[PDB]
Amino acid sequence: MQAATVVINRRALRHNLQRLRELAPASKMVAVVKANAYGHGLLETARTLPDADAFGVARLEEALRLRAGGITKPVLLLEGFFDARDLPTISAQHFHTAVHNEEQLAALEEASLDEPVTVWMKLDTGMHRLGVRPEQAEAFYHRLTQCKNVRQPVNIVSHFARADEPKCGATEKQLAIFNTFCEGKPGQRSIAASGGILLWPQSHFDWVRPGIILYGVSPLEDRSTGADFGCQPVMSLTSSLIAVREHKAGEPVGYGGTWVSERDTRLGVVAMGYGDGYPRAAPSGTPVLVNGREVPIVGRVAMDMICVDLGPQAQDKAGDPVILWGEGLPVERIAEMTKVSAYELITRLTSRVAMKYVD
């Protein structure tokens, strides 16, 4: 019938972008669409959001697919470029780039481009992933200022490591470091993504980079959902039953006989598995909606199939609609039940699901 299908709500997506402008009314928006737009579709998510001030990607590849698809809006390379030979491209495509290491800076200093490139110097303010450390930042920053190939002024970007943990002073320390370096400097400032936007109004500055929350999903693991912030869930992972079978008490289900029935019942088989992106870690009891009502997963999640307990006289039939997460079942709820981060749930899906866009 219909199998593994990801349904993307274009109206929810536009709503969230506008909703986020209301939360950060003095900041421009970098719609973060990396990793196939967190599973919602790189190009379609961008086509949906022409109001974005820019689009953010992880890799140069992603930026080029945007251009290839007709996106004209500025694209920000959050990780910068990996090869000095890519600068002519980046210049001609009008891609904005982060600059975090000596290789990139030296590259910019000796390249010969027909046009200078807007840059966002990435400062390491405490996460210690990418970026120039405080003691090397000033000298590094000054070189970018002297580059004929760098469009002036140079902008400043950083990222939070624990913005979702308001109780520890990590975020305030990163802000302290961020603010100290930006003092007296021109050029746009940006450090906040979903968590910074929602919980830290002092971190909005000139540009904010909504990612997870843009898709109506919460960046926090406190069982809050996108709706807690007025953002609507964009994605629905759906499928269908391919079988409804009789089952006896005492009989196990699935690999390892992991689950045993204590009653005669009817089981439903869903055309969904980890070969589609659904977490194999999902325990028996995890909720799924069959014909709009919640039923539990029973036994191990397999590569292409998932079994659920329908009840002894259920009436559900093969071909009926199944919702892995969507309307009536937030992905955050799944995240909680399976202990899998919502970020990974919506993002680590395979090419086997169909993509569908509505309204």
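Position 1 is the first residue in the sequence shown; the rest follow in order.
The PDB entry reports B-factors from which the mean C-alpha value can be compared for 224-232 and 266-274; the larger average falls on 224-232. With 191-199 and 103-111 compared on mean CA B-factor from the PDB entry, the stretch scoring higher is 103-111.
Across the options 285, 184, 216, 74, the residue with the most elevated CA B-factor in the record is 74. Taking the PDB entry at face value, the top CA B factor among 148, 128, 245, 209 belongs to 148.
Ranked by C-alpha B-factor against the other modelled residues of its chain, residue 320 falls in the lowest third. Per-chain ranking of the deposited C-alpha B factor places residue 34 in the lowest third. In the PDB entry, residue 177 places in the middle third of its chain by CA B-factor. Ranked within its chain, residue 40 lands in the lowest third, by CA B factor from the PDB record. Annotation for residue 10: C-alpha temperature factor in the middle third relative to the rest of the modelled chain, per the entry.
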